[PDB]
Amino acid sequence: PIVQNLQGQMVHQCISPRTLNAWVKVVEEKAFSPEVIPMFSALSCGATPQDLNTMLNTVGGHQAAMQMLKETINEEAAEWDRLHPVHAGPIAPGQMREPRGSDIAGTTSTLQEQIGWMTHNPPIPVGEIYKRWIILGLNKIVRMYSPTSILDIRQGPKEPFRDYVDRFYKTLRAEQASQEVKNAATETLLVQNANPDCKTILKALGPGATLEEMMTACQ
């Protein structure tokens, strides 16, 4: 990653064994559970494109997902090259060349080039641009691997309302519902999918009920 030292210069530091192991272990334990993505984002704080490729490449399983992710990165790289075409022919001696999509993705750029871009005044944030592409790809993977439609999350007859709501919102998160839909589902599908006893209690609360109020009501 790129970090600041005591002279006030942002400098390269090696990715730590602790970071490398944390990422491989969260993928081993959680696969493409939605909460893996904020973990990836946080473990890749300050990452160069080299560091992002290290993290993705240290994953041993899930090679279907990793091939889909490469396809997404290639789509984003291709859109970058459409928006930001680069001069053909020789670099000005000693000067910074403009990054292409494959430079951002770390496959045609050196670590030295990456550092040069990320530490330019002002930064050309190739690490942050590439991380955006990767997270776009990972979100597609999370949606693909979501096992269950929200339509099939219904409260069991002896299922505590809290356990049902946990399943419901775990499902909406993987299915990648907007916050607007998560906020609004409280006075639609969450009530419809409740068991008869709880649905009667929720129906009676009226509209405008907070989730806290609905959970209190069906305790």
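The first residue of the shown sequence is 1; numbering continues from there.
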> Counting only other entries that model residues on either side of residue 91, is it left out in at least a third?
Replying inline: yes
> Among the other entries of this protein that model both neighbours of residue 177, is it absent from at least a third?
Replying inline: yes
> So which stretch wins on mean C-alpha B-factor, 149-157 or 49-57?
Replying inline: 149-157
>> Quick check on the record: does 13-21 or 193-201 carry the larger mean Cα temperature factor?
In response: 193-201
> Of 137, 125, 90, 116, which one's C-alpha B factor is largest in the deposited record?
Replying inline: 90
> For residue 72, does the deposited CA B-factor place it in the lowest, middle or highest third of the chain?
Replying inline: lowest
>> Where does the C-alpha B-factor of residue 181 rank in its chain, lowest, middle or highest third?
In response: highest
>> Lowest, middle or highest third: which one holds residue 41 when the chain's residues are ordered by CA B-factor from the entry?
In response: lowest
> Is the Cα B-factor recorded for residue 166 in the lowest, middle or highest third of its chain?
Replying inline: lowest
> Split the chain's modelled residues into thirds by Cα B-factor; is residue 187 in the lowest, middle or highest one?
Replying inline: highest
